[PDB]
Amino acid sequence: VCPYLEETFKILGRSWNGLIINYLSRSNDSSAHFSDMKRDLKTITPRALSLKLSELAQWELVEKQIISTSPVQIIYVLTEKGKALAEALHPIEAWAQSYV
Amino acid sequence: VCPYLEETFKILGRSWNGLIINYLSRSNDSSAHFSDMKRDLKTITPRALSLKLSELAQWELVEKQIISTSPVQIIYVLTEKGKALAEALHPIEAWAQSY
Ligand SMILES: *c1c(C)c(O)c2ccccc2c1O
Ligand SMILES: *c1c(C)c(O)c2ccccc2c1O
């Protein structure tokens with residue numbers, strides 16, 4: 001509980017990760033990504049995007065299912081843990097806006 | 001609304017910081033003397049406690065107050081921003097607990 005939180009923070013602390021599960025929760029229409037726009041533009045290399053998605057996946061936030069190689073089509077759908085984490089996020093997100 | 005959250009989390013990702021914040025939330029007037037914290041957190045070296053407190057200070061989450069009740073007191077208080085944060089953390093605690 002202690003180092004789970006400290007670690008989750010630390011993940012959240014790193015840059016994309018916070019923004020990514022915003023998308024997964026919000027921009028999704030069926031709680032899956034399918035790499036759409038392979039992200040919406042933004043300042044980020046998919047070298048480092050790919051890195052972050054991996055981090056999410058390792059922390060069971062996200063799961064990936066390769067639908068079809070023959071061409072390769074990849075989802076990136078969010079888990080319960082992830083969904084929940086996004087749900088827990090909302091108050092600190094709100095707070096962040098008050099102080100900025 | 002963005003990397004302020006990233007920045008905040010980054011601080012929270014640090015070794016004692018989240019705990020210190022939680023402690024203070026749970027302390028009366030959201031305020032603890034240095035040595036209260038030091039014993040209460042078992043394992044923190046007071047080098048560290050200071051360093052951490054400075055960080056959260058710099059962040060504007062904690063205020064250090066010198067009370068000139070001289071025999072002295074030094075207290076660390078949670079700022080409205082800090083207190084508000086602590087509140088904000090609670091769903092995340094809950095989440096972690098569930099897993
Ligand atoms: C460890 C523990 C045991 C608790 O209770 C919290 C609460 C809030 C933020 C961070 C914590 C850590 O790291
Ligand atoms: C930046 C933005 C714009 C948003 O929406 C979130 C949401 C949740 C965690 C972190 C975020 C960051 O850093």
Side-chain angles (χ1 to χ4, degrees), chain A residues 1-28 31 33 36-37 39-44 48-49 51-53 55-56 59 61-62 76 78-79 81-100, chain B residues 1-27 30 32 37-44 48-49 51-53 55-56 59 61-62 76 78-79 81-99:
Chain A
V1 175
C2 208
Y4 202 68
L5 277 161
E6 190 188 310
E7 254 280 5
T8 293
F9 294 155
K10 172 147 48 188
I11 294 161
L12 291 174
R14 296 186 279 247
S15 48
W16 277 288
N17 292 312
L19 224 188
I20 293 159
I21 40 230
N22 212 23
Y23 195 130
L24 255 155
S25 56
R26 198 150 58 129
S27 276
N28 72 302
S31 240
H33 196 343
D36 282 57
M37 298 0 126
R39 153 240 50 208
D40 312 335
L41 161 268
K42 284 150 62 203
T43 60
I44 157 188
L49 209 238
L51 202 205
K52 302 287 184 201
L53 289 144
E55 291 185 46
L56 274 49
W59 246 61
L61 294 179
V62 172
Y76 301 135
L78 229 200
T79 60
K81 179 183 285 184
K83 270 185 253 292
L85 193 275
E87 225 68 272
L89 255 276
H90 294 126
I92 181 165
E93 192 190 356
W95 166 91
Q97 185 56 82
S98 304
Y99 301 101
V100 292
Chain B
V1 203
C2 208
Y4 204 73
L5 275 158
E6 275 160 35
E7 249 291 347
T8 303
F9 282 127
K10 180 166 181 283
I11 296 165
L12 296 181
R14 306 280 170 140
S15 46
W16 290 94
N17 282 336
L19 233 177
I20 289 167
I21 287 167
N22 181 76
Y23 186 89
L24 255 41
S25 57
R26 298 178 116 265
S27 295
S30 310
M37 279 182 288
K38 190 194 133 302
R39 67 193 170 75
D40 279 18
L41 287 8
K42 293 85 180 59
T43 299
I44 193 161
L49 183 49
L51 180 265
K52 300 299 183 187
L53 284 163
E55 289 198 65
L56 304 165
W59 257 46
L61 301 177
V62 174
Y76 294 81
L78 268 178
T79 64
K81 212 228 281 176
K83 273 195 309 182
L85 180 59
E87 284 284 352
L89 298 184
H90 299 320
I92 321 180
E93 305 174 26
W95 177 82
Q97 226 126 224
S98 318
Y99 296 101

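In listed order, ligands and their atoms are each counted from 1. Below, chains carry the letters A, B, ... as their sequence lines are ordered, and counting in each starts from 1.
- Between B:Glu93 and B:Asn22 there is a side-chain heavy-atom pair separated by less than 4.5 Å.
- Contact check for A:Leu12 versus A:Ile21: side-chain heavy atoms found under the 4.5 Å cut-off.
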May I have the N/O to N/O pairs between ligand 2 and the protein that fall below 3.5 Å, each with atom names and distance to one decimal?
| residue | atom | partner | partner atom | Å |
| --- | --- | --- | --- | --- |
| ligand 2 | 5 (O) | A:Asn22 | ND2 | 2.3 |
| ligand 2 | 13 (O) | B:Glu6 | OE2 | 2.9 |

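- With sequence neighbours excluded, the residues forming a side-chain contact (heavy atoms from CB on, under 4.5 Å) with A:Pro91 are B:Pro91, listed by chain and number.
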Donor-acceptor pairs under 3.5 angstrom involving side-chain atoms of residues 13-20 of chain A: please list them, not counting sequence neighbours.
| residue | atom | partner | partner atom | Å |
| --- | --- | --- | --- | --- |
| A:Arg14 | NE | A:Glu55 | OE1 | 3.4 |
| A:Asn17 | ND2 | A:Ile11 | O | 2.9 |

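- Annotation: side-chain contact (heavy atoms from CB on, under 4.5 Å) contacts of B:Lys38 (sequence neighbours excluded): B:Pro46, B:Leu49.
- A:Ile44 places none of its side-chain heavy atoms less than 4.5 Å from the side chain of A:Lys52.
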